[PDB]
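Written below as structure tokens is the structure these notes are about.
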Amino acid sequence: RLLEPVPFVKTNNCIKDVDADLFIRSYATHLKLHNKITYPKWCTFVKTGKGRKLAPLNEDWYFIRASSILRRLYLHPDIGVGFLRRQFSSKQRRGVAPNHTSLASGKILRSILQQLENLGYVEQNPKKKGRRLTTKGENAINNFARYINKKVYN
Amino acid sequence: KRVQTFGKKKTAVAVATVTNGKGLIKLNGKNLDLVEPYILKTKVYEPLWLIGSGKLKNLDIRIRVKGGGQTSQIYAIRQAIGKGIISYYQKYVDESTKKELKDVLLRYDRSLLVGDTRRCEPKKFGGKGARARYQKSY
Amino acid sequence: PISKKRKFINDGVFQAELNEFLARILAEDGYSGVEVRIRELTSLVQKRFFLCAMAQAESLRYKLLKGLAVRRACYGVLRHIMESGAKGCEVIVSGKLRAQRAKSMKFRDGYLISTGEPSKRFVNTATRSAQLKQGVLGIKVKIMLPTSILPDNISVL
Amino acid sequence: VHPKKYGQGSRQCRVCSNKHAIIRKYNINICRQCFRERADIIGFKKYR
Amino acid sequence: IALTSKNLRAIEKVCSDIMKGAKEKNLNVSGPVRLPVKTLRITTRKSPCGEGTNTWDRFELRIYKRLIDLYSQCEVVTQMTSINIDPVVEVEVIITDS
Amino acid sequence: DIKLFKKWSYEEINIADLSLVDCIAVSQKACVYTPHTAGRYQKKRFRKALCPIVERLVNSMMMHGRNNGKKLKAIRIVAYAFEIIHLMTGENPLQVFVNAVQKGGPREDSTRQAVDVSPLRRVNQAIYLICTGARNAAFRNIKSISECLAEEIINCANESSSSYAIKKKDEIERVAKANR
Amino acid sequence: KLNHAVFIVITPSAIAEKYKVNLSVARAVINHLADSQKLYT
RNA sequence: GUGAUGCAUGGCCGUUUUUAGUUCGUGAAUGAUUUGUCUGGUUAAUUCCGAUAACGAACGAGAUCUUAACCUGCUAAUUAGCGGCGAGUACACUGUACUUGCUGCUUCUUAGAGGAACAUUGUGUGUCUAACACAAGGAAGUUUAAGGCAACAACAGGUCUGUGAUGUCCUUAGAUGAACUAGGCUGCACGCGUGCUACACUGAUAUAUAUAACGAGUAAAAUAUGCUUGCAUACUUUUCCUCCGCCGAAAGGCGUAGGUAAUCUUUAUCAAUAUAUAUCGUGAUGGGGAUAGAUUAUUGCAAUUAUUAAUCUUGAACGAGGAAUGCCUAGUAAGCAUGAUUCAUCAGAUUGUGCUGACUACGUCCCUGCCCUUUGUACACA
Ligand SMILES: [Mg+2]
Ligand SMILES: [Mg+2]
Ligand SMILES: [Mg+2]
Ligand SMILES: [Mg+2]
Ligand SMILES: [Mg+2]
Ligand SMILES: [Mg+2]
Ligand SMILES: [Mg+2]
Ligand SMILES: [Mg+2]
Ligand SMILES: [Zn+2]
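See the structure below:
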């Protein structure tokens with residue numbers, strides 16, 4: 015599907031050398047297999063952000079979100095909740111008044127982050143700013159990426 | 006050894022650091038495998054295809070992009086690559102080869118070497134856009 | 004503590020205020036100045077804080111107040127300007143002026159460039175509103191100074 | 007006396023005490039017409 | 021040392037003068053770095069009234085901040101600063117080791 | 007090797023009009039791999055002649071306000087159409103497109128009396144007509160745009176008055192005839 | 035009008066045309082055969 | 001005096017007009033006047049050439065100014081980077097991705113001074129005059145693109161509701177002054193504006209992915225003491241941008257952190273169109289979000305005639321729009337957002353900024369509007 019004749023070699027080492035959506039999906043699947051992260055209470059009847067005016071329709075969207083968050087963390091040095099919210103923003107059609115940008119429902123994100131920290135994937139750094147990845151977690155992510163790459167090659 | 010040039014489309018400066026290496030070619034921290042949309046991918050790969058994939062096994066490339074939207078960014082990247090490879094050739098490889106490469110690029114199209122000079126013209130009062138005025142009913 | 008932008012604007016405002024104050028005070032003076065009997069002025073400023099066009103305009107206003115034949119006064123002013131070495135001048139006086147309705151009166155001598163950044167540079171302009179019998183007479187004086208060279212000329216040796 | 011602290015009638019032009027059309031950016035607090043006249047002295051030049 | 025001002029050419033001249041002063045002796049002077057000119061733009065609507073096809077006018081008070089460094093004693097720097105100067109260019113000296 | 011869409015090479019293509027060749031340049035420097043060129047095609051009178059035909063088609067497709075300035079989408083649609091052409095009604099899609107273009111231009115038009132049409136103008140009209148027809152087919156149907164467009168193209172190639180553009184052209188011709 | 039049904058050279062449009070069906074059903078059929098625009102043979 | 005009068009005026013602004021127009025010196029042709037300032041060619045231009053009772057000026061145009069366009073691989077290096085290099089964490093081959101700690105280059109980042117296009121070279125058309133068209137070169141060939149500036153003369157155009165610019169007349173304690181309490185500017189059989197949102201499948205829906213530029217950001221409250229919710233006394237963060245950490249479905253809240261700003265908000269990314277993968281499936285449909293109903297907040301002394309915001313639900317008109325009419329020629333139209341202005345709160349406005357990037361001219365006087373010469377006029381309030 016993705017593969018093609020390219021004019022260079024790809025150092026498939028870290029997650030930045032992997033296609034995103036597929037990777038996310040894979041991570042979600044892995045999570046599901048594990049049963050490493052829960053699905054709180056309110057998750058199953060909440061709306062992800064003001065602009066969505068409708069539920070997710072993905073069943074295991076939470077897992078996907080978590081995966082995305084991990085990737086984001088890997089990408090940036092130190093990333094807050096506000097930043098995360100901003101990242102997962104969309105257009106809110108206000109019916110008749112024109113669209114505005116809409117900040118995501120941060121609570122769910124926060125919960126996810128908390129869960130991750132409990133599990134030992136993210137790390138609230140006392141120096142600098144809000145919650146980056148923890149080294150072990152990063153390593154795990156890298157491994158997963160590598161695995162994905164291998165699969166794709168196969 | 007190592008050569009730094011830029012591309013430029015709209016605002017969107019892609020700075021291509023072209024170094025001695027094995028032939029990987031990257032964007033900020035990501036392979037050119039990604040870029041973003043599958044459709045536009047060819048606009049980045051095209052100079053490489055023109056020059057040949059074997060010629061770039063001596064040359065590593067990193068590209069830092071900043072500013073602009075998507076298509077513009079891609080264009081900038083392309084431009085950087087075009088300027089970059091040629092610049093490298095002019096210095097550390099021969100002149101004849103460089104000339105050949107330039108000729109090839111010219112035959113394909115402009116924009117690879119020379120830049121797109123267009124930029125967003127200031128909006129003017131009495132309207133929303135540059136030229137587009139409002140509306141009179143009489 | 005106040006930011007740079009904020010500071011600059013404030014300074015500008017202060018300058019303007021000072022200028023206005025000077026204008027209010029010195030109806031009897033050839034005023035231009037703005038660089039810091066006068067004791068009182070100094071005190072006032074402290075309390076607050078914690097050839098030329100303007101002068102000519104002022105003179106004109108004074109003359110008007112005194113009560114001259116207007117045209118004659120204007121002519122005199124023009125002559126004075128000429129003497130003071132001006133390449134060109136222009137005075138306007140619009141308002142009531144003798145008749146009830148309307149009546150703007152131009153008084154040019156030498157040539158007066160109007161358009162371009164040269165105009166902005168090489169003319170001093172000034173505007174006073176002399177209150178009189180049954181309203182206001184409206185001075186505007188415009189002087190073209192000696193150039207540091209005009210963009211139109213191409214002086215071959 | 008009634009709260010005159012936050013509203014259009016709270017503050018005014020520095021210059022002529024007008025409550026309408028005050029340039030309130032950078033704490034200039036001059037009603038725009040007045041500003042237009044004193045834009046030279048304040049150091050606001052029209053370029054573009 | 022930070023030199024904040026409104027008038028470009030004057031500022032430039034001042035900078036040049038200070039450079040010259042430095043070049044005398046004893047001063048490891050970093051070159052003048054002009055900062056991002058944060059332009060105060062006011063877009064006022066011309067015309068007191070509401071008559072006429074509402075023309076605006078973009079004023080721009082464009083402040084030039086200029087910056088320059090040194091490794092020196094206070095008195096010497098003060099002396100250097102004394103080029104006479106005038107009300108137009110706003111000077112500030114920072115005498116910090118850090 | 008030089009190619010388009012990494013698939014249809016246009017070294018195999020043919021033309022057989024002369025005038026149309028002169029007008030539309032699918033050449034050595036008007037080679038292209040994906041339509042999206044940021045070319046300066048409207049800074050001169052005849053610089054639109056250098057423009058590749060695929061690009062033109064894409065531009066045409068791009069029309070109608072709420073879909074305006076969505077180049078990528080248009081490109082995708084055209085790619086899909088090409089694929090369809092390749093698969094069902096098996097032929098080099100470029101050739102088909104060329105044929106359609108050849109078909110499409112009304113050779114004589116009316117005015118305030129009958130006059131002839133320049134080749135470039137005719138080509139432009141054809142481009143417009145094909146896209147407009149496709150759009151019409153799409154609008155409040157179901158079918159899908161790419162499929163409809165493909166169908167239209169095929170019809171044009173055939174030279175058959177089931178599609179809209181061809182019909183329009185015919186009408187124009189008739190009008191011209193009537194005039195003179 | 036054309037109320038298409040649900041209970042009973059490959060593309061969805063073609064399928065819709067042929068057996069008179071919703072295009073979700075067409076998609077489903079395609080998927081079954083295999084076992097955001099489509100092309101199949 | 002936000003009383004009356006812009007037909008008493010000032011200044012300022014609009015239009016005539018961003019078009020090319022206005023004027024003088026002398027000369028010439030009872031007077032108003034004309035000429036100059038023109039048959040023609042040319043120009044974006046009374047821009048030039050050429051003809052000539054004119055010759056020569058001046059303002060206007062042009063130049064100038066400000067940006068944006070490409071270079072100096074000269075000037076400079078923070079509050080910008082690039083490397084340099086330690087320190088690691090992952091994986092490759094015999095380097096790549098990512099953070100903490102320390103400190104030659106200036107390509108990118110900032111911004112000062114310079115440079116570069118003059119139709120240069122080439123070839124056409126042109127009185128082979130002014131000049132135009134094409135080609136090459138080139139960053140660029142419509143004064144390179146965009147503005148800004150704005151002559152003369154007006155309009156009985158607007159504004160005394162911007163002004164303590166300002167005349168007269170009115171009003172002056174049962175004030176048309178100021179101050180306070182509500183209420184109204186938003187009231188609605190209807191007509192005409194400017195917009196926004198739509199009418200779907202190039203689409204909604206929902207996940208995921210991508211990526212901007214201009215910006216803009218500092219009298220009231222907290223805690224303790226002394227007395228009768230109030231005052232007094234003492235003392236210190238908060239008044240704007242919000243990082244971040246927690247609570248909250250959501251809005252928001254509480255705690256704290258940086259920032260008087262290339263440092264922090266935040267900007268090697270603050271946006272949406274984008275794109276990719278799913279759910280729909282042409283059915284007023286999940287298109288559409290009007291109208292309504294009921295809460296939870298925030299702003300404020302005060303929210304009802306609902307400030308705005310959120311949550312649930314309500315599911316109206318509209319299947320591309322008649323007579324008419326607007327805007328537009330290249331980073332433009334359109335789409336998409338977004339910063340700022342108002343701001344205690346509130347963009348559907350304006351004003352900037354970007355992002356996705358079409359079609360069609362490359363002309364003409366057919367309409368419309370201006371301008372010119374001739375011509376006619378009983379009009380000159382034209
Ligand atoms: Mg001039
Ligand atoms: Mg009037
Ligand atoms: Mg005359
Ligand atoms: Mg000019
Ligand atoms: Mg009202
Ligand atoms: Mg408004
Ligand atoms: Mg019209
Ligand atoms: Mg008469
Ligand atoms: Zn005022």
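Chains Y, M, D, T, N, I and 2 are the protein sequences, given in the same order.
Quick note on the entry's author numbering: the first sequence kicks off at 15 and runs consecutively.
Quick note on the entry's author numbering: the second sequence kicks off at 6 and runs consecutively.
Residue numbering for the third sequence is 4 to 39, 65 to 78, 97 to 193, 207 to 216, as defined by the entry's author numbering.
Quick note on the entry's author numbering: the fourth sequence kicks off at 7 and runs consecutively.
Quick note on the entry's author numbering: the fifth sequence kicks off at 21 and runs consecutively.
Residue numbering for the sixth sequence is 7 to 118, 128 to 195, as defined by the entry's author numbering.
Residue numbering for the seventh sequence is 35 to 42, 58 to 84, 97 to 102, as defined by the entry's author numbering.
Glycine included, C-beta positions come from ideal geometry on N, C-alpha and C.
- Annotated three-state conformation of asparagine 22 (chain D) is helix, per DSSP.
- Setting aside the 5 residues that flank it on each side, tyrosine 94 (chain M) is surrounded in the same chain by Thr102, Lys103 and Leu106, each with a C-beta closer than 7 Å to its C-beta; the list follows chain order.
- In the displayed model, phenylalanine 59 (chain Y) falls within a helix according to three-state DSSP.
- Taking the beta carbon of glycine 131 (chain M) as reference, the chain N residues within 7 Å of it are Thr73, listed in sequence order.
- Contacts between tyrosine 50 (chain M) and chain Y, judged by CB atoms closer than 7 Å, involve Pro21 in chain order.
- Taking the Cβ atoms as the reference, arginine 83 (chain M) lies roughly 15 Å from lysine 31 (chain M), outside the contact range of under 8 Å.
- Within chain 2, no residue has its CB atom less than 8 Å from the CB of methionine 67 (chain I), the nearest being about 14 Å off.
- Under DSSP, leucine 32 (chain M) shares a beta bridge with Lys35 (chain M) and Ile68 (chain M).
- Straight across, the Cα-Cα distance linking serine 36 (chain N) with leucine 47 (chain N) is about 15 Å.
- Of all residues in the segment 28-53 of chain M, only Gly28, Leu29, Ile30, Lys31, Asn33, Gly34, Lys35, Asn36, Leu37, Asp38, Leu39, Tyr43, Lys46, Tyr50 and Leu53 place a beta-carbon less than 9 Å from a beta-carbon of chain Y.
- Residues of chain T with a Cβ closer than 8 Å to the Cβ of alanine 19 (chain D) are, in chain order, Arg44, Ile47 and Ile48.
- With a cutoff of 7 Å on beta-carbon distance, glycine 63 (chain Y) and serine 125 (chain Y) are scored as not near each other.
- Burial state of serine 118 (chain N) is exposed, judged by a 10 Å Cβ sphere holding fewer than 16 other Cβ atoms.
- Chain D has a Cβ within less than 7 Å of the Cβ of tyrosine 32 (chain T).
- Judged by DSSP in its simplified three-state form, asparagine 80 (chain 2) adopts helix.
- Under the 8 Å Cβ criterion, the segment 119-128 of chain D counts as touching the segment 145-162 of chain D, having at least three qualifying pairs.
- A direct Cα-Cα distance of roughly 14 Å separates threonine 115 (chain Y) from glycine 96 (chain Y).
- For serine 73 (chain 2), no Cβ of chain I is located within less than 7 Å of the residue's own Cβ.
- Here the segment 49-66 of chain Y does not lie against the segment 56-76 of chain M, with fewer than 3 beta-carbon pairs under 8 Å apart.
- For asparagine 24 (chain T), the CB falls within less than 6 Å of some heavy atom of ligand 9.
- The continuous beta strand (DSSP E) containing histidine 114 (chain Y) extends over residues 111-116.
- Considering only beta carbons, no part of the segment 101-134 of chain M lies closer than 8 Å to chain Y.
- Of the candidates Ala17 (chain M), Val23 (chain M) and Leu29 (chain M), the residue whose Cα lies closest to the Cα of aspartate 31 (chain Y) is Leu29 (chain M).
- For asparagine 22 (chain D), the nearest beta carbon of chain T is closer than 7 Å to its own beta carbon.
- For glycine 134 (chain D), the three-state secondary structure derived from DSSP is strand.
- In this structure, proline 19 (chain Y) lies away from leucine 53 (chain M), with their beta-carbon atoms at least 7 Å apart.
- DSSP, reduced to helix, strand and coil, places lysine 76 (chain I) outside both helices and strands of the structure shown, so it counts as coil.
- The beta-carbon separation of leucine 191 (chain D) and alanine 132 (chain D), rounded to 7 Å, stays under the 8 Å limit for a contact.
- A residue is listed when its beta-carbon falls short of 7 Å from at least one non-hydrogen atom of ligand 4; in chain order these are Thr161 (chain D) and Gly162 (chain D).
- Using a Cβ distance threshold of 7 Å, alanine 42 (chain N) and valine 49 (chain N) count as a contacting pair.
- Straight through space, the alpha carbons of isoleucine 79 (chain 2) and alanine 172 (chain I) are spaced by roughly 30 Å.
- Listed as beta-bridge partners of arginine 78 (chain N) by DSSP are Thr63 (chain N).
- Taking 7 Å as the Cβ-Cβ cut-off, the segment 36-67 of chain N approaches chain D at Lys58 and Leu60, given in chain order.
- Contact fails between the segment 20-27 of chain T and the segment 162-171 of chain D, because fewer than three Cβ pairs, one in each stretch, are under 8 Å apart.
- Under the DSSP definition of a beta bridge, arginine 7 (chain M) partners with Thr24 (chain M).
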